[PDB]
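Notes follow once the structure below has been shown.
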Amino acid sequence: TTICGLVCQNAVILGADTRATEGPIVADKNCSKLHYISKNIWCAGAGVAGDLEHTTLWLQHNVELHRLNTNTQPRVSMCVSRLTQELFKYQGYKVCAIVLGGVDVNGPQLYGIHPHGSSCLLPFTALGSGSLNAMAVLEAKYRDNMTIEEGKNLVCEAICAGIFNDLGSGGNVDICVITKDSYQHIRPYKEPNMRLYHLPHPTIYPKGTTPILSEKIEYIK
Amino acid sequence: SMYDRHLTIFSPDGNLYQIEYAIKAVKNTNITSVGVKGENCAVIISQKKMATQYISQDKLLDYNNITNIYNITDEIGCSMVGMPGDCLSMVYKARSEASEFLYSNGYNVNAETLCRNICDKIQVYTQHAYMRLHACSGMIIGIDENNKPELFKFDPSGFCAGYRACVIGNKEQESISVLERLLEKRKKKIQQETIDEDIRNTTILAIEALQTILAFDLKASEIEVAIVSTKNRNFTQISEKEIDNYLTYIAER
Amino acid sequence: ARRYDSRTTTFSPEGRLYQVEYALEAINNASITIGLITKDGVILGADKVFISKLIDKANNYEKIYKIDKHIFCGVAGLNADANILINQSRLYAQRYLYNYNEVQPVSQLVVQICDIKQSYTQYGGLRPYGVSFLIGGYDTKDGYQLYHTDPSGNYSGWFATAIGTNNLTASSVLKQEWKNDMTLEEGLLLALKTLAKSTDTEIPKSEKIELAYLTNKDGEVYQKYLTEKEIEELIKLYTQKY
Amino acid sequence: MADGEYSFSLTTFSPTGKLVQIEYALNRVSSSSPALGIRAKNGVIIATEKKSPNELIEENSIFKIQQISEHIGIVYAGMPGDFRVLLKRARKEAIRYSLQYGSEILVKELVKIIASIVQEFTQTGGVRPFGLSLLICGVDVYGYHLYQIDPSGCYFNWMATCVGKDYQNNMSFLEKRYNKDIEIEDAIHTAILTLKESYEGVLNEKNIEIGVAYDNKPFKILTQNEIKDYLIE
Amino acid sequence: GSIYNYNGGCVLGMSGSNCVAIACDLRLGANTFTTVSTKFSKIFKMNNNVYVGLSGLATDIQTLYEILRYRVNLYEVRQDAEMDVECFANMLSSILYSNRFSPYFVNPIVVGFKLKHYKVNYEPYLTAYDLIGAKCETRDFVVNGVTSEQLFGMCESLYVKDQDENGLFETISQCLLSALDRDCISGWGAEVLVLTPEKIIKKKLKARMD
Amino acid sequence: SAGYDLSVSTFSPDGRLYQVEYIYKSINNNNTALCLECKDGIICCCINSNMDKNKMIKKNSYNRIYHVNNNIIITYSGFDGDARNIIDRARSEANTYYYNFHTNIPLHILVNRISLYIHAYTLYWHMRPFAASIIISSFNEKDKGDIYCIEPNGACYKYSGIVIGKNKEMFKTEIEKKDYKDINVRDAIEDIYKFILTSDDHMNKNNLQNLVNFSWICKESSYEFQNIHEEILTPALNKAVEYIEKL
Amino acid sequence: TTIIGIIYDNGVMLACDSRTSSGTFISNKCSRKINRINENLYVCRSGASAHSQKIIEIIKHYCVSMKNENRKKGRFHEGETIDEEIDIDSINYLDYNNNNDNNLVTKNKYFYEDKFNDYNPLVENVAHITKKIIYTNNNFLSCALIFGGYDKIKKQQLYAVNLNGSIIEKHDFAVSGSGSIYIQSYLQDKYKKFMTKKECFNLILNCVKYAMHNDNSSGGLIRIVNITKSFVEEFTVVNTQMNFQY
Ligand SMILES: O=C(NC1CCCC1)[C@@H]1CCCCOc2cccc(c2)C[C@H](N2CCCC2=O)C(=O)N[C@@H](CCN2CCOCC2)C(=O)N1
């Protein structure tokens with residue numbers, strides 16, 4: 001996995017590859033790693049797939065409940081507190097390394113959350129198996145006060161570094177831009193990987209080639 | 001049944017008379033508090049008076065300790081009127097609710113939500129027969145996350161709401177008339193105020209309102225005034241000297 | 001606080017349980033619910049209580065409920081208590097299926113729900129459930145079945161019966177007209193007759209009738225909740241036959 | 001207290017079979033500010049009377065129309081604290097369903113769960129029933145729904161209904177001019193007209209709250225200006 | 001790891017045009033090499049539009065199937081409708097995760113139709129799971145079981161988009177059979193279910209029995 | 001009354017809680033306790049005049065003055081058992097405060113906690129409310145005296161001098177004549193004995209020795225709890241007695 | 001990690017490096033190991049990041065509760081009426097970085113709201129409740145903390161909460177983290193009683209610089225917090241390199 005995020009002008013930008021592996025096998029080639037928490041808060045997930053899916057769903061629904069009961073814009077700090085407390089409660093056995101980003105009254109914020117429950121407010125970060133490659137690119141090229149287009153290009157370059165240099169990453173590049181007034185989830189954003197060779201004609205088995213022992217037809221309604 | 005006015009159960013007409021009697025118990029304390037909202041601030045003024053209760057006021061009583069204004073947090077305070085045991089109990093409930101909110105969510109609760117959570121607590125007393133009602137009505141002020149003042153008021157029935165200005169006390173229809181007159185008089189001016197001018201006008205309006213309600217000359221030593229503003233978001237009382245200066249200005253006008 | 005206790009689960013000087021008698025009075029004050037067994041399935045019929053012409057009369061059955069695929073009930077009494085117990089009985093049927101990998105026999109389900117009701121009459125200090133159930137179903141052990149439950153946790157099997165208001169008239173009509181080998185159509189027409197005669201009229205009204213039946217056909221048990229159109233067809237057939 | 005010998009039913013059967021506490025809660029509802037809902041062709045509207053006691057109170061601080069989830073709204077007639085508790089519970093159950101099944105809670109499922117919660121308080125020991133009625137409107141895959149929940153825990157499916165003060169006369173007014181093939185605008189006008197006929201005096205954009213769910217869109221509470229436009233005619 | 005080798009088995013899902021197919025081997029292993037049954041189906045019908053394939057430990061297969069049947073039956077009786085396939089998929093994920101730390105040793109797939117009610121449109125729906133409920137939504141095919149690598153190779157090489165029911169049957173059957181022929185602990189028969197909005201066709205393949 | 005006075009959890013139609021008022025009556029019928037702030041300390045006195053006919057009680061064995069951390073005086077008027085309960089709770093709160101923070105619990109926080117404890121027994125329909133009012137007080141050089149009195153309803157107020165129990169009004173009338181913030185505790189002893197001789201008509205110069213508990217926290221005792229020695233109470237008792245018998 | 005506290009004549013100074021690492025990899029270049037508990041009470045974090053972070057969050061909550069319970073009823077102080085600034089810019093000047101990034105806030109200063117220290121929790125109380133929390137779960141928790149603050153009773157104070165949940169008060173200086181072992185004797189030799197603000201600042205900065213030079217687990221930038229009776233000053237130093245004549 002390669003997930004990354006950075007802060008730019010009045011916006012937070014997240015990026016992710018889309019590979020899920022089961023051992024050395026690619027289990028999902030187009031899995032989504034960018035998760036909607038609220039209109040102004042998203043997060044990218046690396047680690048155990050099931051933990052990420054269920055932790056981000058729980059966080060999203062609790063955040064919506066909080067928003068309804070208070071009628072105020074959700075805070076990124078609240079997501080940090082809730083998530084870190086949960087993860088700490090599980091002493092790192094919930095393997096969730098999360099880049100959390102959003103925009104609220106305190107402006108654009110980005111946090112790197114670790115499975116044991118620590119958090120860190122940062123201008124940029126990357127997590128996952130490809131985080132070292134993406135961090136190389138981000139450290140080389142990050143700047144304060146980038147425009148959204150520049151930030152998108154840099155996030156894409158970082159994710160591509162992870163995709164092409166880490167075996168655990170691959171697939172397409174997904175991006176989300178989170179501003180004060182809305183978000184923009186682009187999926188796919190890059191699509192750098194496709195099948196190169198195709199056979200000149202797809203194998204179509206003639207009808208009746210497979211031998212069968214029994215057959216029953218059962219109609220519906 | 002014969003006990004429909006003893007427990008929190010409906011009477012034939014649909015009333016819960018225990019709630020009415022708890023409200024009357026609040027009214028019996030003879031304590032008056034007034035909260036007023038400005039453009040960038042909010043004020044609460046209360047009498048530094050012992051609630052009319054079984055015991056009376058001794059001349060060895062330390063009158064500085066008598067108060068009905070409390071801090072819930074650094075930035076949220078309130079006035080609690082009613083039975084002093086119940087008022088202290090509600091103060092502690094509100095403080096613990098605010099602290100729990102802060103720990104759970106990593107940011108301070110604003111006044112509206114704290115009032116609503118308190119009232120959700122009170123509703124449980126209104127529905128469960130084995131608990132007495134808390135004879136306590138409160139006013140809560142603070143500055144919300146958009147730098148706007150908040151003024152909210154709860155009462156024993158668990159009903160809360162926001163206000164431009166409010167009064168807890170024996171009389172409240174006539175207090176409402178006085179407050180409405182003061183607010184429209186303040187609003188009819190078109191000149192823009194400074195932060196300090198706004199705070200001064202709000203405090204003067206609160207003092208003059210409490211005075212026109214109680215119908216006697218307030219002495220600075222016998223009232224308390226607490227403010228929250230965008231200049232100083234902390235809920236802080238003001239000195240007896242500043243209250244006295246506001247009173248001298250009010251009288252000479 | 002004992003002065004406020006109404007002592008629901010306490011014997012009366014005649015070995016009676018007053019809360020149960022009052023719950024039975026409430027059930028007797030509810031609209032008529034009838035049931036009868038043919039050779040083609042169990043029929044449940046009910047009179048709908050009018051509230052307003054603005055009620056949504058589409059796919060809205062409020063007196064006959066599916067418990068499982070092979071079980072369904074009619075309700076007489078407090079509808080919210082009935083909703084509680086119906087949820088419980090659906091849970092019970094599914095629990096039996098989970099534990100035994102086969103569908104629950106009807107009598108066992110009736111026994112479980114009646115145990116809930118009896119327990120409320122014996123333990124605790126709460127009021128009993130104010131509902132009577134007409135539970136019908138099919139299973140291989142006992143074929144088509146029909147049961148009647150009351151607030152005391154009692155029950156009993158029936159070939160035809162009625163609960164709710166004016167059950168005496170409907171029961172007499174069933175006693176005179178119910179036969180041991182009836183077809184589904186004959187059963188439906190007899191159900192319409194007893195519903196019409198218990199509601200003090202001669203031609204029944206589709207707007208006020210809930211009719212459903214439960215058949216074991218070709219090995220599948222299948223429940224049919226007649227719409228207003230199908231009931232209108234049956235009303236025309238009834239007015240032909242009478 | 002809440003356990004031991006002191007947990008006995010406060011709602012019990014009378015000789016005639018009635019549960020008088022439920023009747024008294026019903027009276028309490030019938031004395032409350034009117035509310036109503038209308039199921040139109042491509043949406044459902046819930047409207048309420050919100051009469052400000054004084055010029056001091058902040059209207060926005062009091063909303064009798066609340067959102068439970070996207071596409072589901074709720075209004076009540078009766079005691080407001082009870083309403084707050086039940087609204088919090090409804091939101092909780094909506095998110096519990098959403099966590100189990102991913103998608104949004106179906107209106108019928110929510111209504112059944114909330115009705116069961118209401119019913120519990122007419123049987124469990126040491127409590128009174130809730131003193132309110134709820135109207136729950138929503139849109140899901142299976143169409144538009146308008147449900148009422150009574151203090152006893154019974155629920156009804158409505159094409160249009162009114163709860164609270166003099167709701168029989170309001171019901172006659174609403175049934176005189178409701179068809180199942182109305183539009184959103186016609187429904188809003190009808191709701192406003194019904195409330196006018198009930199309210200004594202002159203209504204305005206501050207005396208009424210309105211919530212809509214139409215054309216497969218998220219539930220929306222009409223602002224002051226939108227209601228003002230609806231009131232221009 | 002070896003727990004999954006105790007019984008063996010695999011499941012495979014595939015979609016065509018207005019059709020979807022689910023297939024499984026029929027073996028019940030014991031001790032990784034002893035075949036004790038040849039009619040142990042891994043395919044279960046939740047409702048007419050929702051099937052689940054459960055590979056892994058047979059005890060956990062049966063237990064999870066019973067839990068899922070309980071949940072689906074309760075949901076559908078309460079709602080008075082058939083459970084949507086996506087709601088069922090999310091529910092299965094939640095059930096598997098609820099046992100996150102002592103999980104059911106199962107490798108499920110879900111195959112069925114997502115109904116888009118206007119008339120009704122039937123969109124094939126496929127999902128593969130891990131034992132703690134992570135989900136992989138797909139349009140072409142899903143695989144699970146100890147034969148996963150062979151099924152992945154066969155599907156990547158042979159799957160053809162938008163096949164009719166007969167083409168779908170031939171393709172999924174060939175994929176399953178070729179994959180099974182390379183596995184020591186799977187096979188001994190194959191059942192293939194081809195789903196259309198109108199009918200279900202259940203076939204047993206004349207497969208290898210060694 | 002009218003049936004509204006059988007439970008502490010039922011408000012009367014006029015808004016009053018009658019069980020609390022009945023407890024107040026019980027307390028006002030019980031023995032007298034007072035605490036007085038002086039220039040260099042606070043002085044507490046309990047007059048056990050209800051025990052005047054109990055001739056066989058061991059001399060000076062019944063004492064109503066306790067302490068919390070060796071620097072806070074806590075006394076009461078009302079039921080002994082309830083007061084012991086509340087004092088146990090006060091000490092438990094002091095222990096917990098030290099455990100959590102390693103400093104002694106401040107007087108005002110302890111007062112709030114005790115008052116909340118007491119108030120919690122007025123809320124339910126199955127618990128008897130405490131029939132006792134509590135005096136809690138301390139004194140140190142920098143802060144001078146702090147005296148709080150907690151009511152059975154749970155209301156705590158701060159005083160310069162307090163009298164609870166029987167004949168409290170006459171005692172307050174006598175106490176209020178002089179500003180004791182400028183008098184020393186030793187000098188206040190004789191005043192208190194004179195007040196006892198006058199106000200409590202059940203007390204004479206014969207049982208003044210065995211019926212009165214005296215304690216203080218003052219400069220002489222290093223601002224820590226101490227029962228006043230009989231070698232200090234004796235001359236003061238004799239002087240008050242002779243002065244009174246003169247008039 | 002290197003965290004230091006030094007008591008000087010008019011206050012207490014807290015300094016730290018900012019590097020957080022997982023092995024040899026630096027996961028966070030510039031963490032924030034000096035955290036405000038109350039307006040006049042800070043803690044320096046050492047040990048496992050998750051442990052110290054969650055402990056400090058709990059302690060902040062406890063401190064809010066204590067502070068609001070410390071508030072007395074009434075009004076007070078109706079009459080009561082209540083140093084050479086560090087040239088931080090010159091400390092942070094480097095030839096090769098001059099206006100390369102003009103916008104850079106390297107300093108902040110604020111005044112106490114509780115001017116008389118009427119309700120601010122005592123430093124000792126907060127430190128001891130923290131020690132209690134760590135000790136109760138010292139089978140799992142591994143983090144060492146330094147508390148620094150000012151209260152009206154004991155003035156400027158340092159409390160070291162060591163691993164396993166013991167507490168020691170320091171009256172001169174406190175050091176923790178893998179980097180402080182290297183500067184142990186340097187600080188011991190250079191420390192004197194009643195140092196000025198300038199001397200204390202230079203000393204604490206040089207201590208952190210030497211520790212970062214010698215310890216791979218330390219690095220990044222340097223954060224210095226100065227706590228006085230009336231205000232708190234915070235500085236960031238980015239000129240951390242060490243130049244040896246030899
Ligand atoms: O890519 C991955 N994360 C990214 C992809 C999206 C979010 C981020 C990880 C990368 C490796 C992590 C493996 O550490 C585990 C620790 C504990 C439990 C499990 C895994 C569970 C399970 N295990 C463990 C071995 C047997 C088995 O089955 C397993 O490997 N899960 C796979 C995904 C499974 N499939 C679900 C449906 O189809 C898509 C993939 C998985 O979590 N991979």
Side-chain angles (χ1 to χ4, degrees), chain A residues 1-4 14-35 42-57 90-99 113-115 126-131 134 159 162-163 166-174 187, chain E residues 1-5 10-13 52-57 60 89-90 92-111 126-149 151-152 155:
Chain A
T1 299
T2 307
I3 66 182
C4 86
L14 306 182
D17 79 308
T18 61
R19 177 176 290 179
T21 57
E22 279 199 51
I25 307 315
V26 178
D28 194 335
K29 292 188 291 184
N30 199 44
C31 74
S32 187
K33 294 176 202 187
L34 301 183
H35 300 100
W42 278 63
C43 77
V48 170
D51 284 333
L52 289 161
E53 180 222 354
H54 289 272
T55 299
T56 54
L57 279 172
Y90 287 91
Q91 334 200 305
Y93 293 127
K94 287 197 166 178
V95 181
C96 293
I98 292 162
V99 179
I113 304 201
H114 290 87
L127 298 177
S129 50
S131 79
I159 300 301
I163 276 169
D166 174 45
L167 300 186
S169 322
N172 313 313
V173 185
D174 282 351
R187 169 174 167 75
Chain E
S2 63
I3 194 68
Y4 292 122
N5 281 294
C10 58
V11 291
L12 169 66
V52 68
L54 304 179
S55 56
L57 198 67
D60 279 350
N90 298 122
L92 170 56
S93 183
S94 79
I95 287 157
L96 294 168
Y97 193 80
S98 76
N99 288 274
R100 163 64 174 85
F101 302 112
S102 66
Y104 294 124
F105 295 122
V106 54
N107 299 136
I109 65 160
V110 168
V111 175
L126 309 164
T127 297
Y129 298 75
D130 71 2
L131 91 171
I132 56 157
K135 257 206 309 306
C136 167
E137 219 287 344
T138 305
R139 299 295 180 85
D140 37 36
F141 52 90
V142 279
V143 318
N144 244 333
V146 289
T147 313
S148 277
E149 289 203 4
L151 300 163
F152 270 133
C155 287

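Numbers restart at 1 for each chain; the letters A, B, ... are given by sequence-line order, proteins then strands. Counting convention: from 1, in listed order, for ligands and their atoms alike.
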Protein heavy atoms: any of them under 4.0 Å from atom 24 (C) of ligand 1? no
Under a 3.5 Å distance rule, please check whether E:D60 uses its side chain to pair with a backbone N or O of E:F105 as donor and acceptor. yes
Atom 32 (C) of ligand 1 has as its nearest protein heavy atom A:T21 O, 3.4 Å
re atom 29 (C) of ligand 1, the protein heavy-atom contact at minimum distance is E:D130 OD2, 3.6 Å
Which atoms from ligand 1 have a heavy atom of A:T1 less than 4.0 Å away? 4 (C), 8 (C)
Pull out every atom of ligand 1 sitting under 4.0 Å from any heavy atom of A:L52, numbered as shown with elements. 7 (C), 8 (C)
OG on E:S94 to NZ on E:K135, rounded to 0.5 Å: 8.5 Å
Who's the nearest protein heavy-atom neighbour of atom 26 (C) of ligand 1, and how far? E:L131 CD2, 5.0 Å
Report the nearest protein non-hydrogen atom to atom 37 (C) of ligand 1: residue, atom name, distance rounded to 0.1 Å. E:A134 O, 3.2 Å
Decide yes or no for E:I132 and E:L96: does some side-chain heavy atom of the first lie under 4.5 Å from some side-chain heavy atom of the second? no
Which is it for A:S129 and A:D166 under the side-chain hydrogen bond (donor to acceptor under 3.5 Å, both in side chains) test, yes or no, and what are the steps along the way? CA-CA 7 Å; A:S129 50; A:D166 174 45; 2.4 Å; yes
Any idea how E:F101 and A:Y90 line up, ring-wise: parallel (<30°), tilted (30 to 60°), or perpendicular (>60°)? parallel
Among all protein heavy atoms in this structure, tell me which lies nearest to atom 42 (O) of ligand 1, with the distance rounded to 0.1 Å. A:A49 N, 2.9 Å
Is any side-chain heavy atom of E:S148 closer than 4.5 Å to one of A:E22? no
Only residue of A:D174, A:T1, A:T18 satisfying side chain to side chain donor-acceptor pair (under 3.5 Å) with A:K33 is A:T1
Looking only at protein heavy atoms, which one is nearest to atom 5 (C) of ligand 1, and what is the separation? A:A20 CB, 3.7 Å
For ligand 1, which atoms, with element, lie under 4.0 Å from some heavy atom of A:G47? 2 (C), 3 (N), 4 (C), 8 (C), 9 (C)
Within a distance under 4.0 Å of any heavy atom of A:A27, pick out the atoms of ligand 1 and give their elements. 39 (C), 40 (C)
Restricting to heavy atoms, the pick from A:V48, A:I25, E:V143 nearest atom 16 (C) of ligand 1 would be A:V48
Counting non-hydrogen protein atoms only, what is the nearest one to atom 38 (O) of ligand 1? Give residue, atom name and distance. E:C136 CB, 3.3 Å
Could you check E:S93 against A:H54 for side-chain hydrogen bond (donor to acceptor under 3.5 Å, both in side chains), going step by step and ending with a plain yes or no? CA-CA 9 Å; E:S93 183; A:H54 289 272; 3.0 Å; yes
Atom 28 (O) of ligand 1 - nearest protein heavy atom and its distance: A:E22 OE1, 3.8 Å
Could you tell me whether the side chain of E:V11 reaches within less than 4.5 Å of the side chain of E:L151, counting heavy atoms only? no
